[PDB]
Structure formats: C-alpha cells, structure tokens
Amino acid sequence: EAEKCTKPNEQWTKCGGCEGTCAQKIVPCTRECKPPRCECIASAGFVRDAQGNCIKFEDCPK
C-alpha cells in the first residue's frame, strides 16, 4: 500500500537504515532508522545481494 518508488524491490519505507540478507531477514542494530525514503524492505522478504542490490529472497543462489 506504498509503492511510490520506481524499480521493484526498492519501495517506500518510513524507516530505513539497516535491512536483512539471504541469511538474516532482520539484522540487529542499536540505531533506529533512516529518514523516510525509497529503499529495501526486509519485513516483506527482500534481501541484500553481495552486489549491494536489494532483491527478493527467492532470487538467492542455491
């Protein structure tokens, strides 16, 4: 209910900062969040690729 971005994955988020990976949907972070802006969404199922590219989880290697 907040697709105000362009390319897939990168979607609007009210709290940026840290995210998830192909091994940790949620990464610990004493900080809080980055200002509202287009970015990845771990709470949805998106992870960060070694190429620093946010991609769905099913888009991971074997």
(message) I want to check the label-to-label distance for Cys15 and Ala44. Put each point 7 Å from Cα in the C-beta direction and report it in nm to one decimal.
(response) 1.7 nm
(message) Apply the Karplus curve 6.51 cos²θ - 1.76 cosθ + 1.60, θ = phi - 60°, to the phi angles in the range 37-43 and return the couplings in whole Hz, x for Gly and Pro.
(response) 5, 5, 5, 7, 9, 6, 4
(request) Give me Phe46, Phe57 ranked fewest to most by other Cβ atoms within 10 Å of their Cβ, as a rough exposure proxy. (result) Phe57, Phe46
(request) State the extension gain, in nm to one decimal, for the chain segment bounded by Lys4 and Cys22, taking 0.36 nm per residue of separation less the distance between their alpha-carbons. (result) 4.0 nm
(request) Give, rounded to the nearest 20 debye, the magnitude of the charge dipole that the chain has about its Cα centre when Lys and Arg contribute +1 at Cβ and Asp and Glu contribute -1 at Cβ. (result) 120 debye
(request) Measure off 7 Å from each Cα along the Cα-to-Cβ vector at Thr30 and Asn53, then give the distance between these two points in nanometres to one decimal. (result) 3.5 nm
(message) Under the rule of at least 5 residues apart or a separate chain, name every residue whose amide H is placed under 5 Å from the amide H of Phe46.
(response) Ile41
(request) Going by C-beta contacts inside 10 Å, put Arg31, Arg48 in order with the fewest on the left. (result) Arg31, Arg48
(request) Bin all alpha-carbon pair distances of the chain at 10 Å intervals from 0 and give each bin's fraction as a whole percent. (result) 24, 55, 20, 1
(message) Let me check against my output: what whole-number percent is the relative contact order of the chain, with C-alpha pairs under 8 Å and at least 6 apart?
(response) 32 percent
(request) Tell me which residues come under 5 Å, amide H to amide H, from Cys54 once H is placed; ignore anything under 5 positions away on its chain. (result) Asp49
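Bear in mind that the values in this text are calculations on the coordinates, not laboratory data. So basically every Cβ, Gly included, is an ideal-geometry build from the backbone, and we count neighbours across all protein chains shown.
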